[PDB]
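A short worksheet on the structure shown next.
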Amino acid sequence: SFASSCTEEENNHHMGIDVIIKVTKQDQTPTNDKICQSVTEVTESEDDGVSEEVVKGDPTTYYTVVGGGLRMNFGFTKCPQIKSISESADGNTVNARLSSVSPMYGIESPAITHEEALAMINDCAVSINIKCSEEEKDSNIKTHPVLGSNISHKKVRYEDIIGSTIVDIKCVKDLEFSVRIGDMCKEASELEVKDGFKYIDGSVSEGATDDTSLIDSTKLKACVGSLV
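First residue of the sequence shown? That's 8 in the entry's author numbering, and the numbers climb one at a time after it.
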């Protein structure tokens with residue numbers, strides 16, 4: 008049930024996901040504000056060569072965002088599709104935002120039942136892997152503005168969404184993360200959830216909290232996707 012706009016209908020939700028992330032690199036790291044160097048998509052459930060099993064696990068789409076002196080890898084398993092990936096940098100910090108796109112922008116997306124949405128909320132899991140990059144090529148920024156999920160990072164019901172968070176401490180000092188799942192047309196109280204953590208000074212704090220100002224989104228730049 009795809010639609011490119013927001014209509015009034017029960018048990019018919021345009022569910023989306025919006026990931027925001029702010030990384031503070033180590034001082035002793037080489038300068039690199041060259042964001043959106045590359046963005047690649049790939050979906051594999053550990054299903055390929057050398058890894059055969061009787062029971063194959065859930066497939067997982069990985070997004071690798073190279074820029075700002077970092078290689079950011081995000082793994083989504085059973086989550087609303089990601090259609091927009093933006094980034095930005097300044098100083099030793101690099102911000103990135105990965106999300107679905109709301110029918111409000113005129114993009115079409117699936118509308119799922121209230122029940123199907125609750126299960127998705129339960130299964131959807133996001134993995135985080137952040138490595139250093141020496142990549143020096145030019146930013147490959149899009150010509151058009153960043154489209155959004157229409158979901159805000161306000162404090163709402165907590166949901167164990169975020170999984171493994173692995174980072175190369177050489178270039179990564181601090182790291183703040185926020186994940187939001189909800190209706191992209193109109194907030195549905197029971198289907199609005201969020202997960203997040205604040206890795207500061209080597210310490211991790213978890214839980215839902217207001218992150219509407221984690222990053223200044225107006226600074227974000229749309230990254231162009233590529234392959235191979």
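Beta carbons: idealized from backbone N, C-alpha and C, even for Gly.
beta-carbon residue i near the ligand FAD non-hydrogen atom, thresh 6 Å
i	result
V174	Within the structure as shown, the ligand FAD is missing, as the structure has no ligands at all.
Backbone secondary structure at residue i - three-state DSSP
i	result
residue 241	Absent from the model: residue 241. The displayed extent of the chain is 8 to 235, so no value can be given.
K226	helix
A126	helix
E60	coil
residue 238	Since the first and last residues shown for the chain are 8 and 235, residue 238 lies out of range.
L221	coil
Bridge partner(s) assigned by DSSP for residue i
i	result
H20	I119
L182	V30, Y206
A10	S116
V211	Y206
Residue closest to residue i, alpha-carbon to alpha-carbon, out of the options
i	options	result
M111	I24, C13, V211	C13
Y70	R104, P117, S212	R104
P117	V235, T225, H21, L182	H21
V73	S93, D55, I168, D208	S93
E183	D223, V211, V46, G189	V211
Alpha-carbon to alpha-carbon, residue j and residue i
i	j	result
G214	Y206	12 Å
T150	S233	15 Å
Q44	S106	19 Å
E51	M79	17 Å
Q33	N147	25 Å
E115	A126	22 Å
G64	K85	11 Å
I135	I173	6 Å
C131	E123	12 Å
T68	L77	19 Å
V179	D145	22 Å
Practice prompt. Determine, using beta-carbon pairs with one atom in the region 55–67 and one in the region 25–40, whether at least three such pairs fall under 8 Å.
Written response: In this structure the region 55–67 does not touch the region 25–40; the number of beta carbon pairs closer than 8 Å is below three.
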